[PDB]
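Encoded as structure tokens, the structure appears first; notes follow it.
Bear in mind these aren't lab numbers, they're just calculated from the coordinates by the rules spelled out.
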């Protein structure tokens with residue numbers, strides 16, 4: 001039993017994940033690119049790029065998932081997160097989700113290069 005709030009810009013989607021179990025359900029769908037950002041409320045560089053990350057909906061066909069690692073510590077540990085923020089870029093290839101790149105840190109230039117390489121620009 002759970003609620004999620006989806007924010008749509010065309011077919012692009014942003015979600016600030018409430019329930020750990022809803023992640024499996026996000027992946028159960030129309031955007032080839034899903035990008036997950038792992039961060040935390042107290043984390044200064046996570047906050048510095050938080051608006052930049054959510055605004056990627058305007059620029060990319062993408063489903064964006066925001067994960068507070070202190071709300072979802074299981075997902076933190078399962079994805080082996082070593083620094084905050086961490087960005088995981090997923091692509092659906094041959095009917096399977098594939099982790100295609102990870103970026104650690106809040107350097108916006110580097111994150112943007114990753115979106116350009118691993119995501120689908122509008």
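Quick one: compute a quarter of the convex hull surface over the Cα atoms of the chain and quote it in nm².
7.2 nm²
Fully extended, how many nm does the chain gain between residue 97 and residue 47 (0.36 nm per residue separation, minus their Cα-Cα distance)?
Gain on stretching residue 97 to residue 47: 15.2 nm.
Counting only helical runs of four or more DSSP H residues, what would the 222 nm mean residue ellipticity of the chain come to if each run contributes -39,500 (n - 2.57) and the total is spread over all its residues?
-6500 deg cm²/dmol
For the range 74-122, take the alpha-carbon Rg, divide it by the Kirkwood Rh, and send me Rg/Rh.
1.00
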